[PDB]
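Notes to accompany the following structure.
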Amino acid sequence: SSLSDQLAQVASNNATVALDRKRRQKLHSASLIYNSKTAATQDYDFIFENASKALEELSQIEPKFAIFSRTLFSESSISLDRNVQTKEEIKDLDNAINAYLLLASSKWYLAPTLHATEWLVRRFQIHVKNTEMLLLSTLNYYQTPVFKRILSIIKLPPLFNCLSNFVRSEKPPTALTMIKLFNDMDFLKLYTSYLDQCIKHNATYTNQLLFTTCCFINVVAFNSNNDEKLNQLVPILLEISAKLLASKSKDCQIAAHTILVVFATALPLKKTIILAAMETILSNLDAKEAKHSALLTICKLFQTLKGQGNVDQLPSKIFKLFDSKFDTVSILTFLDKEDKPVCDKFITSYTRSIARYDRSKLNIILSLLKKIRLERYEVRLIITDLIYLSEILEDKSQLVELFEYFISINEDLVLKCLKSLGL
Amino acid sequence: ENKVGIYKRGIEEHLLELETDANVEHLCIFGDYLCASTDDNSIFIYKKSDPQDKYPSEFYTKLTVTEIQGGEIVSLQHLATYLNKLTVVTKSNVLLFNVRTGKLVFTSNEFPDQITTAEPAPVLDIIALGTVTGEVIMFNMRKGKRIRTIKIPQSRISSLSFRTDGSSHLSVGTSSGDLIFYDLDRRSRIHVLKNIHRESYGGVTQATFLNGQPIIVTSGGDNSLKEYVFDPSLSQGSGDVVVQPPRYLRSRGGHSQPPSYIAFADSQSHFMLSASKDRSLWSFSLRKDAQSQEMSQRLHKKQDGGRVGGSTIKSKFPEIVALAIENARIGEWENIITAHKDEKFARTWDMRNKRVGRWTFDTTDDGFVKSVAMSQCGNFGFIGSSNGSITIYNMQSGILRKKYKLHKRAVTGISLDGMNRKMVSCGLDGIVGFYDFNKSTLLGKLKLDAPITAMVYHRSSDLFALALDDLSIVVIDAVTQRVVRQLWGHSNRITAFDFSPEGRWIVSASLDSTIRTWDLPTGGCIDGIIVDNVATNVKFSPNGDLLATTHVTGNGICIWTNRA
Amino acid sequence: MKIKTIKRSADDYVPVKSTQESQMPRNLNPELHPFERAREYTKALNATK
Amino acid sequence: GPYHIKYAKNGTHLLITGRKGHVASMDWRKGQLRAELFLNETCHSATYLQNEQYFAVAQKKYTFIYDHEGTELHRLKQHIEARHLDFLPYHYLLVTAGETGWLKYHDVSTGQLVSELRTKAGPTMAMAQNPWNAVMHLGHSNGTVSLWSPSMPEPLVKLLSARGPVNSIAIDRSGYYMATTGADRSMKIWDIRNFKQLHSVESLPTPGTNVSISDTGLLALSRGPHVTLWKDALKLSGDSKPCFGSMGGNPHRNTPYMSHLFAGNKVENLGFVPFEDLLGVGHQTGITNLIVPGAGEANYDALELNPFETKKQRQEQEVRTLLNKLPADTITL
Amino acid sequence: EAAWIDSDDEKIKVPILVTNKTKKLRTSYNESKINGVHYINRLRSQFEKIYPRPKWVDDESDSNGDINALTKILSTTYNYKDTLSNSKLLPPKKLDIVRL
Amino acid sequence: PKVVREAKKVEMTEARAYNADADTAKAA
RNA sequence: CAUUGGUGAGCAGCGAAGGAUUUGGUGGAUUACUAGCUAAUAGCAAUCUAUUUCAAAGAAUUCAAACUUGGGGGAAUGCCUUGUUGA
């Protein structure tokens, strides 16, 4: 290409080395707390003094910073120059800094974290050498003056072009612009990689998890038009939902329930896909609040399924696991709740599964039908399954009670099913 | 068929005839050995004579695979770091043959599917096996155990390739037109290129990553070869997780279906136009086979103001059954007029921009355009419909001027003199009609016996020729206005014919699979070729040198030269 | 193979504070400082003028 | 066209010239472009004369002197048809040797042609300055190298190096060893104090097109697309003679210390960077910095030449060197 | 461990210094012929020098409801929004209409 | 501004491959 | 009364799951298609080095050389040419 273009790549390669006193003044003048004048005045002993003090405070608050006190906050780390070490030691230094940013992501409303990361910024040059993890870690704080300072310092990557508009201004970046930033696709690949690493290191928290599920919901809402853009949004968001559900924290499980319910009401998904999601939900469902949320989302998925074989029986292992996680008293309390969220298709599949598999809880079936107003095709299918079960299994007084209840309410439909099969 | 030729720079430097009659099916070279498997499961191994020599020459041995050892041979591979081993993969299992001694060494556990492809992986001992369901088996050979199993559902796998750039990707090209890229470390599918080649012409028949480049060359059966790149990632730290999808890079192509109408597009014999039944008009090059664009069917924005009414699903035009081109006004307005199958109008095309023009030319009596012609000066286009009418449109502004109602059957030929003086038409009522054109009168009306199916006008001698339906070519002088020659001898329908560039021969290809060269002065047939396949177009060069013909099957254009 | 090239720390040759002055390294080597007598003759002549 | 590399004396700027008109003066390390000129006349060479700030390029007929921004300052009516430029940096003298068989020294601070010297032997085929001595070794088409000085209108000393034309010469920094390759596929290592040739490699399997010697005694030779480097070749001991192979691993032979080749190219010139350990090779397509470990010397001197240099430091030293320049009649052997 | 053994492969003995590839393959400056097993071991290491060894063979081997069901289903299918319902329902906000 | 997706010129670097004509060897 | 002047509000007409203008990038062509590297009658292309050497051949204008200068005057000191003294 052109000589200015090749020289531009050469400059961005040697972007951080201080080949002269003017570049040194500029590079050492960019800072998180101190302004230009004092940041160009002071020195590494000053910055490291404040760093060691603030890290003592941070280790007292949360005890995991002792390892960075061993490696990233030592006097040999005063002495070592990042731009001279080989690529292997560069890679290990980057692993150390990425692990620190994952830990101190959740503590950024704190002058200790501000001072410790001041030392990282003005010794190891994270703010130009690896800004991706810096922005992703401190992305949920997006109104705050800490994010304003981070923006005014960072040279922005390719993917953060909206923030390249908002850099060094007065107003914060707005929620619609964060919706743009997430609405790109390669950004979502990057961010789901970041969250998978975050879950595997087991340091998530409620504010960040709220923020990321809100951005995901708004991405699905913005792409509600394009069936094609939704269909290529499917694997990313449902993979992060799978990992978020495989997590151990009830917070991650509720956030995955939120992503699942909004994406399955925005896209009419396959029956096997819905049943597999239900299986993972129930297979890791542990806590009580997550149990409530999981029942709500299972009802919503089974409802938003609309198609052929809509209301068929739950299969063997899925029904077994579902009863083991939600025995009958829980679902009966959910049904005599007074909010009354619509769940008729899930209930009908539940009763058909009980009729084929368990063949014991028919009084429970009667209580379900007494508490729920089913639709006509669901009543017809339940009646047909009960006719088959009466003709195969030995006749029982609970089955007589069920048919007496039908003849009390909606006898002519029973006459129609008997006319289809029988006398 | 039965032999293996060893070429260098196009020239057959050695021949290797096998000692059977069964056709050769597969072929794998490695080392000093050449392994050629004919179709009845017997592999012929040939050896280099001297270990300095360049190609295998001598018979060495004849291995065989009976039914109790394997099915029909699917592929012949060689893996690296295998001394004298030939991996023969059949429809049921994978075999290793020692080729020097000639002794089998291993037989894998039989796969419960049918194997269609094999491919040696760039790691040791590993071969990938594509089946007829959606399965790619990563199979080891040191142990003989299926390392991995990757499922494509509802497809047949047709071509496998690995990546050797520094990223661990795989490319699975299916027999439906699709090409799917996997990352083997994360067990992911990076992407899927949909419908790159036609499903109806095999799908993807070969896909190859070049050796160390992020460039995949994929060739189909629809007369096309493409190659795509993997642009590097847009992230800094992540890298291999945010993979850009593969974008397009170079490609060559031709016609998929056989060609319908050809035409020499200038007097240098540089360019051919070729319109074909896959509805595509190409501009092939007779000098350099990388100068040959496809002419673009991308419409122009109207000069009235309304909106052009069509489908919002873009499509190609109907197939082309007539073409006229005139280079007198090129680069100023349109100079091609094309007549499409079962439409009521013609299109203008522009050979400068290789695009459509902005005018379409109607017939105005509910008739299909049956024939077209252009003036020599490049100003006028004559459209002869299928109800007799001749409409005369100006080509700069594409505006209607005249209409000549002499025929009442269709008009199967129009032409204008080089002086814009006289104008001939010929039509299915067996009628030739000689009009004036500077006046607007009728000069004469000749009636022949049969209907008339084609007319060719040689302007330098003012002789035109009419292909009739009593199977003859009637040569008529246009000035003195009578038949001068009547060439007899074809035994079936006359498909196509054309004049010599000086007016001395008529070359006529006909549906009895023949091509006859008649001489106009002495009147007799001076040459006759019999072809294996019926010839549907014949065109002399505007220069003297080339003949171009095209047949019923075959997606190309046969070029012949002049011993004369 | 023991590859080792010339690596310089900008921390050593360009100081961190703006106010501090720069290290001026010196390397006495007569090949590196060529014109002894000519340079001293011109300094003596400029001193007399 | 095929480019041509010059580095500054600090080793902090790079001046490239292409055979068509492309002349670029760039910072090479922070990736700046100081001045780019699309001269259309075929340009032959160029030197940064005293700073990054002024450079002289040789053009189709006349040498031109440009500012730090491409502002053309002078054209030299007296420097007709030059192919070789140089700059004696303590003496402030631009030396131009041409196709006219003449050799001209032009004092660039005053503006004055110090000397015109008539080389008899016709168009000059190579040129290199002895830095420690500041005496110009030209290399003629006869095979003779000639040591020249701007006071004597006669060559100080003529040495018959090779049979047929001299192709390229290069003198060590310490002023003791000259390497000269000639188009009879030959390469001589000469000693300059007392003028006794040390050892003479006789059949290079292509003529040598360029030679250069580093600040560590590394000797780099380019004979086509190939670049080769011998370490400790410039000694006086008869087993230090450069070879291409150790027959049976004979430990006396001097096999090459480093090798590279530019597969489709043909290298125009080459030059080690002053204070890093690299050589810049300027070839038909562009510019490439080869990483050669022991090549450059590590610990410089700030009173002489700074890689790290403020503008204020720069201009103060420019005045100091103007004040302490040496007269051109103090150039002896 | 392996599953087959080749007696002539252990029998064979090959030169090295007759080609430049195998001249790369040698070890000492006095060896000039090497038998088959040491030959194939050196070739195997040289293949490793050309193509480095990847994780997907180094670590992975394919050998109560689980939590990998959603990932397995997503890995199997390629079209998520189902079309083979044919529900006798009508899809909202996206009309399937043709002109006649 | 949305993310600038823009393709840059590709350049075939050199390759390294294998040689089955060393992989095959003759008898004693 | 006109505007062959601008800015807007509506029709008639054209009219298949939209339409119009501007714009960044990359690919193919712009001359008429015989494959890459090198030390080259071959070799390499996963390498040229623990054959990379020896033998042979190879030395005019006894230095002819700016064919290369904006116009006029000059040229102390330089440089060129010619003669002279002294070694």
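Quick note on naming: the chains in the structure tokens go A, B, ... in the order shown, residues restart at 1 in each chain, and ligands are numbered from 1 in order of appearance.
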| message | Distance cut-off 12 Å, counting only C-alpha atoms - which residues of chain A neighbour chain C? Return them as a ChimeraX atom specification. | response | /A:16-29,36-46,78-86,122-123
TODO: Residues of chain A near chain D: apply a cut-off of 6 Å, count only C-alpha atoms, and supply the list as a ChimeraX atom specification.
DONE: /A:7,10-11,20
Find the nearest atom pair between each residue of chain C and chain D for residues within 10 Å, count only C-alpha atoms, give distances in Å to one decimal, sort rows by chain and ascending number, and present the table as a Markdown table.
| residue | atom | partner | partner_atom | distance |
| --- | --- | --- | --- | --- |
| C:3 | CA | D:293 | CA | 7.1 |
| C:4 | CA | D:293 | CA | 6.4 |
| C:5 | CA | D:293 | CA | 4.8 |
| C:6 | CA | D:298 | CA | 6.1 |
| C:7 | CA | D:298 | CA | 8.5 |
| C:8 | CA | D:298 | CA | 8.8 |
| C:10 | CA | D:308 | CA | 9.4 |
| C:13 | CA | D:308 | CA | 7.6 |
| C:14 | CA | D:308 | CA | 7.5 |
| C:22 | CA | D:308 | CA | 9.2 |
| C:23 | CA | D:302 | CA | 8.7 |
| C:24 | CA | D:302 | CA | 5.2 |
| C:25 | CA | D:302 | CA | 5.6 |
| C:26 | CA | D:301 | CA | 4.4 |
| C:27 | CA | D:301 | CA | 5.1 |
| C:28 | CA | D:301 | CA | 7.8 |
| C:29 | CA | D:301 | CA | 9.2 |
| C:30 | CA | D:174 | CA | 8.4 |
| C:31 | CA | D:174 | CA | 5.0 |
| C:32 | CA | D:174 | CA | 7.8 |
| C:33 | CA | D:304 | CA | 7.4 |
| C:34 | CA | D:132 | CA | 5.5 |
| C:35 | CA | D:132 | CA | 7.5 |
| C:37 | CA | D:330 | CA | 9.9 |
| C:38 | CA | D:326 | CA | 6.6 |
| C:39 | CA | D:326 | CA | 6.7 |
| C:40 | CA | D:324 | CA | 9.1 |
| C:41 | CA | D:326 | CA | 8.7 |
| C:42 | CA | D:324 | CA | 6.3 |
| C:43 | CA | D:324 | CA | 6.7 |
| C:45 | CA | D:324 | CA | 9.9 |
| C:46 | CA | D:324 | CA | 8.3 |
Please produce an output containing N, CA, C and O atoms for each residue in the selection, written as a tab-separated table (two decimals), in the first residue's frame.
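Result file result_18.tsv:
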chain	number	residue	atom	x	y	z
C	3	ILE	N	20.70	-16.52	21.40
C	3	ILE	CA	20.54	-15.22	20.77
C	3	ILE	C	20.43	-14.18	21.87
C	3	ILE	O	19.78	-14.42	22.90
C	4	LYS	N	21.09	-13.05	21.68
C	4	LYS	CA	20.98	-11.92	22.58
C	4	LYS	C	21.31	-10.69	21.75
C	4	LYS	O	22.35	-10.66	21.10
C	5	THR	N	20.42	-9.72	21.73
C	5	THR	CA	20.63	-8.50	20.99
C	5	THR	C	20.76	-7.33	21.96
C	5	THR	O	20.77	-7.50	23.18
C	6	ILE	N	20.88	-6.14	21.40
C	6	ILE	CA	21.05	-4.93	22.19
C	6	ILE	C	19.67	-4.47	22.61
C	6	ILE	O	18.86	-4.09	21.76
C	7	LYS	N	19.38	-4.50	23.90
C	7	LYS	CA	18.11	-4.02	24.41
C	7	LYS	C	18.35	-2.88	25.38
C	7	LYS	O	19.18	-2.99	26.29
C	8	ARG	N	17.67	-1.76	25.14
C	8	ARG	CA	17.84	-0.54	25.91
C	8	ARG	C	16.54	-0.23	26.62
C	8	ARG	O	15.47	-0.33	26.03
C	10	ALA	N	14.18	2.47	27.88
C	10	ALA	CA	13.85	3.88	27.84
C	10	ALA	C	13.71	4.47	29.24
C	10	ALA	O	13.87	5.67	29.40
C	13	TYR	N	17.28	5.59	29.77
C	13	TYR	CA	17.86	6.65	28.96
C	13	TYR	C	17.01	7.89	28.80
C	13	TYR	O	17.54	8.93	28.44
C	14	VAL	N	15.70	7.81	29.05
C	14	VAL	CA	14.81	8.96	29.02
C	14	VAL	C	14.09	9.02	30.36
C	14	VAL	O	13.25	8.16	30.64
C	22	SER	N	18.55	14.25	31.66
C	22	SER	CA	18.78	12.98	30.99
C	22	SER	C	20.19	12.46	31.22
C	22	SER	O	21.14	13.23	31.32
C	23	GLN	N	20.32	11.14	31.32
C	23	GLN	CA	21.64	10.54	31.42
C	23	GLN	C	22.40	10.69	30.11
C	23	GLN	O	21.89	10.34	29.05
C	24	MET	N	23.61	11.23	30.19
C	24	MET	CA	24.49	11.40	29.04
C	24	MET	C	25.60	10.36	29.12
C	24	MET	O	26.66	10.63	29.70
C	25	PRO	N	25.40	9.16	28.57
C	25	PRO	CA	26.41	8.11	28.72
C	25	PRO	C	27.64	8.44	27.91
C	25	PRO	O	27.56	9.06	26.86
C	26	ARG	N	28.79	8.03	28.42
C	26	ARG	CA	30.05	8.35	27.79
C	26	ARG	C	30.85	7.08	27.59
C	26	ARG	O	30.77	6.15	28.38
C	27	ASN	N	31.61	7.06	26.50
C	27	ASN	CA	32.33	5.87	26.06
C	27	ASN	C	33.63	6.37	25.46
C	27	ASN	O	33.67	6.72	24.28
C	28	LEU	N	34.68	6.42	26.26
C	28	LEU	CA	35.99	6.80	25.76
C	28	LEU	C	36.51	5.69	24.87
C	28	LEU	O	36.72	4.56	25.32
C	29	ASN	N	36.68	5.99	23.61
C	29	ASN	CA	37.25	5.07	22.64
C	29	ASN	C	37.79	5.92	21.51
C	29	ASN	O	37.04	6.69	20.88
C	30	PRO	N	39.08	5.84	21.23
C	30	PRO	CA	39.68	6.77	20.27
C	30	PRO	C	39.15	6.60	18.87
C	30	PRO	O	39.15	7.57	18.11
C	31	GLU	N	38.69	5.41	18.51
C	31	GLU	CA	37.99	5.20	17.25
C	31	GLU	C	36.68	5.94	17.21
C	31	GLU	O	36.23	6.36	16.14
C	32	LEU	N	36.05	6.10	18.37
C	32	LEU	CA	34.75	6.70	18.50
C	32	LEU	C	34.83	8.22	18.59
C	32	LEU	O	33.83	8.88	18.32
C	33	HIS	N	35.99	8.77	18.93
C	33	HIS	CA	36.25	10.21	18.94
C	33	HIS	C	37.44	10.55	18.06
C	33	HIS	O	38.57	10.65	18.56
C	34	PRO	N	37.24	10.74	16.78
C	34	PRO	CA	38.36	10.64	15.83
C	34	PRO	C	39.44	11.73	15.83
C	34	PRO	O	40.61	11.39	15.96
C	35	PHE	N	39.09	13.00	15.66
C	35	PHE	CA	40.08	14.00	15.27
C	35	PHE	C	40.59	14.75	16.49
C	35	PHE	O	40.22	15.90	16.75
C	37	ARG	N	43.84	15.90	17.39
C	37	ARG	CA	44.70	17.05	17.22
C	37	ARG	C	44.06	18.13	16.37
C	37	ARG	O	44.25	19.31	16.66
C	38	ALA	N	43.27	17.76	15.36
C	38	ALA	CA	42.61	18.78	14.56
C	38	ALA	C	41.55	19.51	15.36
C	38	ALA	O	41.44	20.74	15.29
C	39	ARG	N	40.79	18.77	16.16
C	39	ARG	CA	39.74	19.40	16.95
C	39	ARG	C	40.34	20.28	18.04
C	39	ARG	O	39.83	21.38	18.30
C	40	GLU	N	41.45	19.86	18.63
C	40	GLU	CA	42.09	20.71	19.63
C	40	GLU	C	42.76	21.92	19.00
C	40	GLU	O	42.80	22.99	19.62
C	41	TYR	N	43.29	21.80	17.78
C	41	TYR	CA	43.85	22.96	17.10
C	41	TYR	C	42.79	23.99	16.81
C	41	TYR	O	43.03	25.19	16.96
C	42	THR	N	41.60	23.56	16.41
C	42	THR	CA	40.55	24.53	16.14
C	42	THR	C	40.02	25.14	17.43
C	42	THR	O	39.65	26.32	17.44
C	43	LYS	N	40.02	24.40	18.54
C	43	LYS	CA	39.66	25.04	19.80
C	43	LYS	C	40.71	26.05	20.26
C	43	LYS	O	40.35	27.10	20.79
C	45	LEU	N	42.63	27.81	18.25
C	45	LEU	CA	42.55	28.96	17.36
C	45	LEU	C	41.34	29.82	17.68
C	45	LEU	O	41.44	31.05	17.71
C	46	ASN	N	40.19	29.19	17.94
C	46	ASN	CA	39.04	29.96	18.38
C	46	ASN	C	39.30	30.64	19.72
C	46	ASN	O	38.81	31.74	19.94
ask   = Taking only C-alpha atoms into account, what are the residues of chain A at most 12 Å from chain F, put as JSON, numbers by chain?
value = {"A": [1, 156, 157, 158, 159, 160, 161, 162, 163, 164, 165, 166, 177, 178, 179, 180, 181, 182, 183, 184, 185, 186, 187]}
Which residues of chain E come within 12 Å of chain B, and what is each one's closest atom pair and distance in Å (one decimal), counting only C-alpha atoms, sorted by chain and residue number, as JSON lines?
{"residue": "E:1", "atom": "CA", "partner": "B:143", "partner_atom": "CA", "distance": 6.6}
{"residue": "E:2", "atom": "CA", "partner": "B:143", "partner_atom": "CA", "distance": 5.0}
{"residue": "E:3", "atom": "CA", "partner": "B:143", "partner_atom": "CA", "distance": 5.4}
{"residue": "E:4", "atom": "CA", "partner": "B:106", "partner_atom": "CA", "distance": 6.4}
{"residue": "E:5", "atom": "CA", "partner": "B:105", "partner_atom": "CA", "distance": 7.5}
{"residue": "E:6", "atom": "CA", "partner": "B:105", "partner_atom": "CA", "distance": 7.1}
{"residue": "E:7", "atom": "CA", "partner": "B:105", "partner_atom": "CA", "distance": 10.0}
{"residue": "E:8", "atom": "CA", "partner": "B:101", "partner_atom": "CA", "distance": 8.1}
{"residue": "E:9", "atom": "CA", "partner": "B:83", "partner_atom": "CA", "distance": 7.1}
{"residue": "E:10", "atom": "CA", "partner": "B:83", "partner_atom": "CA", "distance": 10.3}
{"residue": "E:11", "atom": "CA", "partner": "B:83", "partner_atom": "CA", "distance": 11.8}
{"residue": "E:12", "atom": "CA", "partner": "B:83", "partner_atom": "CA", "distance": 9.7}
{"residue": "E:13", "atom": "CA", "partner": "B:83", "partner_atom": "CA", "distance": 11.3}
{"residue": "E:14", "atom": "CA", "partner": "B:83", "partner_atom": "CA", "distance": 10.9}
{"residue": "E:18", "atom": "CA", "partner": "B:52", "partner_atom": "CA", "distance": 10.4}
{"residue": "E:19", "atom": "CA", "partner": "B:52", "partner_atom": "CA", "distance": 10.4}
{"residue": "E:35", "atom": "CA", "partner": "B:83", "partner_atom": "CA", "distance": 11.6}
{"residue": "E:36", "atom": "CA", "partner": "B:83", "partner_atom": "CA", "distance": 8.1}
{"residue": "E:37", "atom": "CA", "partner": "B:83", "partner_atom": "CA", "distance": 9.5}
{"residue": "E:38", "atom": "CA", "partner": "B:81", "partner_atom": "CA", "distance": 11.5}
{"residue": "E:39", "atom": "CA", "partner": "B:81", "partner_atom": "CA", "distance": 9.2}
{"residue": "E:40", "atom": "CA", "partner": "B:81", "partner_atom": "CA", "distance": 6.0}
{"residue": "E:41", "atom": "CA", "partner": "B:81", "partner_atom": "CA", "distance": 8.3}
{"residue": "E:42", "atom": "CA", "partner": "B:81", "partner_atom": "CA", "distance": 9.1}
{"residue": "E:43", "atom": "CA", "partner": "B:81", "partner_atom": "CA", "distance": 5.9}
{"residue": "E:44", "atom": "CA", "partner": "B:81", "partner_atom": "CA", "distance": 5.8}
{"residue": "E:45", "atom": "CA", "partner": "B:81", "partner_atom": "CA", "distance": 9.4}
{"residue": "E:46", "atom": "CA", "partner": "B:81", "partner_atom": "CA", "distance": 9.4}
{"residue": "E:47", "atom": "CA", "partner": "B:81", "partner_atom": "CA", "distance": 7.8}
{"residue": "E:48", "atom": "CA", "partner": "B:123", "partner_atom": "CA", "distance": 8.1}
{"residue": "E:49", "atom": "CA", "partner": "B:123", "partner_atom": "CA", "distance": 11.2}
{"residue": "E:50", "atom": "CA", "partner": "B:122", "partner_atom": "CA", "distance": 9.7}
{"residue": "E:51", "atom": "CA", "partner": "B:122", "partner_atom": "CA", "distance": 6.8}
{"residue": "E:52", "atom": "CA", "partner": "B:123", "partner_atom": "CA", "distance": 8.0}
{"residue": "E:53", "atom": "CA", "partner": "B:123", "partner_atom": "CA", "distance": 6.6}
{"residue": "E:54", "atom": "CA", "partner": "B:168", "partner_atom": "CA", "distance": 7.3}
{"residue": "E:55", "atom": "CA", "partner": "B:185", "partner_atom": "CA", "distance": 6.5}
{"residue": "E:56", "atom": "CA", "partner": "B:185", "partner_atom": "CA", "distance": 4.9}
{"residue": "E:57", "atom": "CA", "partner": "B:147", "partner_atom": "CA", "distance": 8.1}
{"residue": "E:58", "atom": "CA", "partner": "B:185", "partner_atom": "CA", "distance": 10.1}
{"residue": "E:59", "atom": "CA", "partner": "B:185", "partner_atom": "CA", "distance": 9.5}
{"residue": "E:60", "atom": "CA", "partner": "B:147", "partner_atom": "CA", "distance": 8.2}
{"residue": "E:61", "atom": "CA", "partner": "B:147", "partner_atom": "CA", "distance": 5.5}
{"residue": "E:62", "atom": "CA", "partner": "B:148", "partner_atom": "CA", "distance": 5.5}
{"residue": "E:63", "atom": "CA", "partner": "B:147", "partner_atom": "CA", "distance": 7.4}
{"residue": "E:71", "atom": "CA", "partner": "B:188", "partner_atom": "CA", "distance": 10.1}
{"residue": "E:72", "atom": "CA", "partner": "B:151", "partner_atom": "CA", "distance": 10.5}
{"residue": "E:73", "atom": "CA", "partner": "B:151", "partner_atom": "CA", "distance": 11.1}
{"residue": "E:74", "atom": "CA", "partner": "B:188", "partner_atom": "CA", "distance": 10.0}
{"residue": "E:75", "atom": "CA", "partner": "B:188", "partner_atom": "CA", "distance": 7.5}
{"residue": "E:76", "atom": "CA", "partner": "B:151", "partner_atom": "CA", "distance": 6.6}
{"residue": "E:77", "atom": "CA", "partner": "B:153", "partner_atom": "CA", "distance": 7.3}
{"residue": "E:78", "atom": "CA", "partner": "B:153", "partner_atom": "CA", "distance": 8.6}
{"residue": "E:79", "atom": "CA", "partner": "B:153", "partner_atom": "CA", "distance": 10.9}
{"residue": "E:98", "atom": "CA", "partner": "B:311", "partner_atom": "CA", "distance": 10.2}
{"residue": "E:99", "atom": "CA", "partner": "B:311", "partner_atom": "CA", "distance": 9.2}
{"residue": "E:100", "atom": "CA", "partner": "B:311", "partner_atom": "CA", "distance": 11.5}
List every residue of stretch 9-254 of chain D that DSSP, applied to the backbone of this structure, assigns to strand (DSSP E), and report them as a VMD selection string.
chain D and resid 14 to 17 22 to 26 33 to 38 46 to 48 55 to 58 62 to 66 72 to 80 82 to 88 93 to 98 102 to 107 112 to 118 126 to 130 135 to 139 144 to 148 157 to 160 166 to 171 177 to 182 186 to 191 197 to 201 210 to 213 219 to 222 226 to 230
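Proximity ranking of B:350, B:293, B:420, B:23 relative to residue G:29 places B:293 first, based on only C-alpha atoms (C1' of nucleotides).
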Students should find that atom CA of residue A:212 and atom CA of residue A:282 are spaced 23.2 Å
Return as a tab-separated table the residues of chain G lying at most 7 Å from chain B, together with the closest atom-to-atom pair for each and the distance in Å to one decimal, counting only C-alpha atoms (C1' of nucleotides), with rows in chain order and ascending residue number.
residue	atom	partner	partner_atom	distance
G:14	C1'	B:306	CA	4.3
G:15	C1'	B:307	CA	5.8
G:16	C1'	B:311	CA	4.7
G:27	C1'	B:249	CA	5.9
G:29	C1'	B:291	CA	5.7
G:32	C1'	B:287	CA	5.4
G:33	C1'	B:288	CA	5.0
Expected answer as a PDB file with C-alpha atoms (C1' of nucleotides), in the first residue's frame: chain G residues within 10 Å of chain E, only C-alpha atoms (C1' of nucleotides):
ATOM      1  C1'   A G  16     -45.391  -8.247  -7.525  1.00  0.00           C
ATOM      2  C1'   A G  17     -43.485  -9.840   0.062  1.00  0.00           C
ATOM      3  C1'   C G  44      15.721 -27.362  -4.537  1.00  0.00           C
ATOM      4  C1'   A G  46      11.014 -30.036   4.794  1.00  0.00           C
ATOM      5  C1'   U G  47      18.160 -27.167   3.200  1.00  0.00           C
ATOM      6  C1'   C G  48      22.340 -25.951   1.547  1.00  0.00           C
ATOM      7  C1'   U G  49      26.478 -27.227   4.531  1.00  0.00           C
ATOM      8  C1'   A G  50      31.084 -31.439   7.283  1.00  0.00           C
TER       9        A G  50
END
